[PDB]
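So this first bit is one chain, no partners, the form deposited in one PDB entry, shown in structure tokens.
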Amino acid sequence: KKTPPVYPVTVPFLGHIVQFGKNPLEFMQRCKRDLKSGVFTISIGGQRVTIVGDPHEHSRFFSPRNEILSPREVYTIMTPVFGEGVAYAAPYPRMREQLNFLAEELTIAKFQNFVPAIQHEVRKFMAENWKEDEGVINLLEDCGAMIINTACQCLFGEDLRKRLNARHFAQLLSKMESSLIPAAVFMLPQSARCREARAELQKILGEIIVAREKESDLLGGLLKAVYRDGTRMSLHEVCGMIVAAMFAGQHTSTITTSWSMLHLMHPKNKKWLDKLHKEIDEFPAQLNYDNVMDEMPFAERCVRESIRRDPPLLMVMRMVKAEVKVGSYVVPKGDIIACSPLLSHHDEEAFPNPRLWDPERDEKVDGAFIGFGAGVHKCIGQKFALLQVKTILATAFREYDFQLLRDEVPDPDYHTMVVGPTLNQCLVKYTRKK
């Protein structure tokens, strides 16, 4: 009549903290089987963390509006990176405007100059960093830029990038994130050390609008935005949404792209690689949007299966404000309710052989895949990242072949906020192709 089962903890203060850390997948795979339930409640620090790990129930986590399931108090962490009154740090109704504000820029209105834009960008890095017909790549780090390069290129305006190069906008981002550290979702020089990089970027920004006025891109659209009460976003409000737009893209999509390339370059998986080829071969250098979008479905599957196997975002969380029932269990207001792409995508009814990479697999429980989340919190970056990644792939597997130094694919380093493949494992020997 109330609640789902709880897991053993040997010593309380710790809870499950290192048991999670070592391997969150193993740990969760264990708990689920051992607790004979897809829905179960673990504990961090005498804080209650009840996971939603049975796929059929995802509706229960992703469907309810923020009041009933509220994300803010979980993501409070980002407030300094995003700003104090933005995204979650903003109140929800006003936040919704921000999401649609952002959404009206990733609107497929502006996607028409993107493809030819990121493509050219992929080459510019390749011809300048991939120089020889014999190759070195730390693909994870090389995709890190190729991603942040093409994106800035796509969303940063000509007058914007000159001032703030792609190469070193990363530098600000990767000085903002360093603020964000482990073990904070359930519990300063850097507050400053990061505030500085944000106040920096911000003035770098407010100094561009003056040149904008006394005289269009993500920023362009963002300033032309007026709220419900006919307000316009303050300097530092807009500043954050750019940060947030770009933070969200950089790692996920880098990882997604790397994880992606890896499986395809692998000898294990090379009927796919040549199925990619039967797909992208008759396509020319001239990449138009119809090509990526209308005529790249197989390649899309790969990227999706990449994200399926190893979701870059292991957990997503709400603070249970009202109390919500899930299957036959009930989640008590005061609990943190979580839902995990990582665990869910390894349910075997949903995804048989879940560590196997099969682009041409389909979810056998409708809704299982939650890589881009679901319900009232569906990712708004999805079609864009999907378009970045697809085009990067096409361009690269275009004129090239790839080899992995290793006998099999890198291990998911679960030792970060946003999980991608291992760093020291991700080296790849490139050779040129015609």
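We call the rigid core whatever largest set of C-alpha positions still superposes within 1.5 Å between the two forms. Residues carry their position along the shown sequence, with the first being 1.
Engineer: Quick check on the record: how many residues from the deposited sequence are absent from the model between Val210 and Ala211 (none, 1 to 3, 4 to 9, 10 or more)?
Structural biologist: Unresolved stretch here: none.
Engineer: Please classify the coordinate gap between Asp229 and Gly230 in terms of deposited residues: none, 1 to 3, 4 to 9, or 10 or more.
Structural biologist: Gap between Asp229 and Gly230: none.
Engineer: Please compare 176-184 with 200-208 and name the stretch with the higher mean C-alpha B-factor in the deposited structure.
Structural biologist: It is 176-184.
Engineer: Hey, which bit's got the bigger mean C-alpha B factor in the entry, 78-86 or 127-135?
Structural biologist: So the stretch with the higher mean C-alpha B-factor is 127-135.
Engineer: Among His263, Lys162, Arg361, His251, where is the Cα temperature factor highest, going by the PDB entry?
Structural biologist: In this record, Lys162 carries the highest C-alpha B-factor of the candidates.
Engineer: At the C-alpha atoms, which of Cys152, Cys194, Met296, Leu102 reaches the highest B-factor in this entry?
Structural biologist: Checking the PDB record, the top C-alpha B-factor among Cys152, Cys194, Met296, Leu102 is at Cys194.
Engineer: Test of reading the entry: by CA B factor among the chain's modelled residues, which third contains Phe369?
Structural biologist: CA B-factor rank for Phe369: lowest third.
Engineer: Relative to the other modelled residues of the same chain, rank the CA B-factor of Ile255 and answer lowest, middle or highest third.
Structural biologist: Its C-alpha B-factor, which the entry lists for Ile255, ranks in the lowest third among residues of this chain.
Engineer: Could you place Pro412 in the lowest, middle or highest third of its chain by Cα temperature factor, using the values in the record?
Structural biologist: As the PDB entry reports it, the C-alpha B-factor of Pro412 lands in the middle third of its chain.
Engineer: Per the entry's values, where does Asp347 land by CA temperature factor relative to the rest of its chain, in the lowest, middle or highest third?
Structural biologist: It falls in the bottom third of the chain.
Engineer: Going by what the PDB entry lists, where does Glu399 fall on CA B-factor within its chain: lowest, middle or highest third?
Structural biologist: It falls in the top third of the chain.
Missing here is the form deposited in another entry; even so, the following discussion is about that form.
Engineer: If the two forms are fitted on the core, does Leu14 show a Cα displacement reaching 2 angstroms between the shown form and the other one?
Structural biologist: Yes; that C-alpha moves by at least 2 Å between the shown form and the other one.
Engineer: Over in the other structure, so in that other deposited form, do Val324 and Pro12 pull closer or drift farther apart at the C-alpha level? The difference is 3 angstroms or more.
Structural biologist: It is farther: the C-alpha separation of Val324 and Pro12 rises by at least 3 Å in that other deposited form.
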